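Protein sequence lines, in the order shown, are assigned to chains E and H. Each residue of the first sequence is one higher than the one before, counting from 4 in my numbering. Each residue of the second sequence is one higher than the one before, counting from 10 in my numbering. All remarks here apply to the structure that follows.
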Amino acid sequence: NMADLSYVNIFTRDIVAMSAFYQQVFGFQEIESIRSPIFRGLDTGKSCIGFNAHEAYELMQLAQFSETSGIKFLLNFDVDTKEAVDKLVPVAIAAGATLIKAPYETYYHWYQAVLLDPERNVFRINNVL
Amino acid sequence: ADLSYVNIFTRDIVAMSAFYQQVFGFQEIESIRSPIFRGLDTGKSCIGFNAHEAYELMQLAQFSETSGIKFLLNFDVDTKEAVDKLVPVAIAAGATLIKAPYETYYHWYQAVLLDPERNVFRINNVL
């Protein structure tokens with residue numbers, strides 16, 4: 004491929020707690036080789052999820068956008084069954100997630116739940132019917 | 010679990026999907042297309058573009074007003090030169106260069122840009 008979406012990075016206040024949250028809920032393994040004082044990466048089997056500390060804003064000349072509110076993206080996680088979605092929801096909430104929408108079937112026939120992670124980023128636990 | 014998609018809430022799903030296709034060559038996923046959604050195949054996690062109606066559908070309306078940026082998409086290319094050549098391709102497609110191609114202390118050659126709707130992405134090469 005001409006270009007590879009190797010990482011989806013989330014700017015976070017606590018990369019250790021954020022990494023721990025996604026590991027706890029989905030079991031992704033950390034990628035120790037890419038670890039740094041301001042970064043944590045998890046292997047998802049596809050695009051990796053990265054967590055960057057706030058130092059990352061100034062480092063990339065993005066300080067002007069460091070004041071954030073609302074949500075503009077979401078991570079969609081697929082599981083093998085509808086039952087797996089029902090089971091993972093409480094696990095996520097116990098880990099610090101906030102339930103926005105209980106498991107339901109979408110117009111495009113996907114069974115999913117909509118939640119917020121500990122730092123209020125949106126993610127879905129989904130199953131393609 | 011599988012990170013199948015990373016969705017970006019957008020004002021113009023057509024313009025946005027076209028931008029990423031024009032810069033990286035991702036092919037559209039027809040089977041997931043809808044009046045409020047466009048999906049692109051990247052070889053790994055897909056990139057989705059959701060029109061604003063998606064906020065209400067997921068009961069996220071109270072979060073529709075946003076500020077700043079909280080994520081970025083990192084695209085790796087095969088060579089150092091690929092980074093230098095792709096920056097003008099992105100700008101021609103409508104991007105804004107924020108940080109010109111440079112080498113980090115851990116030897117990654119990259120550039121930071123904004124897509125047409127002010128979402129951040131990087132063109133990177135591991136030296």
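Even for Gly, the Cβ is constructed at its ideal location relative to N, Cα and C.
Listed in chain order, the non-local C-beta contacts of H:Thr88 below 8 Å within the same chain comprise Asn134, local neighbours out to five positions each way being set aside. For E:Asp89, the three-state secondary structure derived from DSSP is helix. Within chain E, the residues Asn79 have their CB atoms less than 7 Å from the CB of H:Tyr14, given in chain order. The straight-line gap separating the alpha-carbon atoms of E:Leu62 and H:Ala104 is approximately 20 Å. A direct Cα-Cα distance of roughly 31 Å separates H:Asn16 from H:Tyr114.
With the rule of 3 Cβ pairs closer than 8 Å, the region 67–77 of chain H counts as touching the region 64–74 of chain E. Boundaries of the beta strand (DSSP E) around H:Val15: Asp11 to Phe18. Residue pairing by DSSP places H:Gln119 opposite H:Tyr111 and H:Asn133 in a beta bridge. Classified as exposed, E:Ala97 has fewer than 16 neighbouring CB atoms from the shown chains inside 10 Å of its CB. The residue from E:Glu70, E:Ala23 and E:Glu108 with its alpha-carbon nearest to that of E:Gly53 is E:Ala23.
Below the 7 Å Cβ cutoff, chain E contributes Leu65 as neighbours of H:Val129, in chain order.
Taking H:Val86 as the centre and dropping the five residues before and after it, the same chain places the C-beta of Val92, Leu95, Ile132, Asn133 and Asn134 closer than 8 Å to its C-beta, in chain order. Counted as a single uninterrupted DSSP element, the stretch harbouring H:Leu66 is not any beta strand (DSSP E) but the alpha helix (DSSP H) occupying residues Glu62 to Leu66. Secondary structure of E:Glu70 (DSSP, three-state): coil. Using a 10 angstroms sphere on the CB of H:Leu136, the tally of other CB atoms stays under 16, which defines it as exposed. For the region 11–38 of chain H, the set of positions with a beta-carbon nearer than 7 Å to some beta-carbon of chain E reads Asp11, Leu12, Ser13, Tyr14, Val15, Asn16, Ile17, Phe18, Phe33 and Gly34 in chain order. Residue range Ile22 to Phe33 is occupied by the alpha helix (DSSP H) that includes H:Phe33. In terms of Cβ geometry, E:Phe126 and E:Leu78 form a close pair [threshold 8 Å]. If you draw a straight line from the Cα of H:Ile41 to the Cα of H:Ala60, it is about 14 Å long.
One alpha carbon belongs to E:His112, the other to H:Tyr29, and they sit about 26 Å apart. Under the Cβ criterion of 8 Å, E:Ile103 is counted among the residues facing chain H.
When the five nearest sequence neighbours on each side are left out, the beta carbons in the same chain lying within less than 7 Å of the beta carbon of E:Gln27 are those of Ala98, in order along the chain.
Between E:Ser50 and E:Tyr60 a beta carbon distance of about 22 Å is seen, past the 8 Å cut, so the two are scored as non-contacting. In the structure shown, the three-state DSSP call for E:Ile41 is coil. The shortest C-alpha to C-alpha distance from H:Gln119 to any of H:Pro125, H:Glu126, H:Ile107 and H:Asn128 is the one to H:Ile107. For E:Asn130, the closest Cβ of chain H is not nearer than 8 Å. Of the candidates H:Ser43, H:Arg20, H:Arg47 and H:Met25, H:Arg47 places its Cα closest to the Cα of H:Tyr14.
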